[PDB]
């Protein structure tokens, strides 16, 4: 394709982890909100300490939140980030293709530079195949 596929049905995949990024954290833009990480079956193989098969997809699902009496509550989806494994097609950015969908909508693709900008930051995790998230129990 050259392009990353919209990950249909990502919401029924394995929930890896969540984190909250609030105002004042260095990454308030653009990663401010509650985010959840999801992984398909092939991605779990790579997360477990296996290698990542082609077809492995990880999803960053980012929500705005609202403060409600000492509770942070999920608001609207801001975007999904998608990493799709293909050693051959996405060799230019380390075997992963990078894409963002605005509000998680399939038409609102965000990345304009082949994912160089995305890769630039993930290149730090060379040791773990460009993935920050770690599996927890």
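If you superpose the two forms and keep the largest set of C-alpha atoms that fall within 1.5 Å, you have the rigid core. Residue numbers count along the first chain shown, from 1.
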{"item": "Between stretches 22 to 30 and 102 to 110, more displaced by Cα RMS in 4 other deposited structures of this protein (rigid core superposition)", "value": "22 to 30"}
{"item": "Of 123 to 131 and 11 to 19, the one with larger mean CA B-factor", "value": "123 to 131"}
{"item": "Mean temperature factor over C-alpha atoms, higher-scoring stretch between 82 to 90 and 52 to 60", "value": "82 to 90"}
{"item": "Top Cα B factor in the deposited entry, candidates 75, 95, 102, 33", "value": "95"}
{"item": "Third of the chain's Cα B-factor distribution that residue 66 belongs to, per the entry", "value": "highest"}
{"item": "Position of residue 27 among the chain's modelled residues by C-alpha B-factor, lowest, middle or highest third", "value": "highest"}
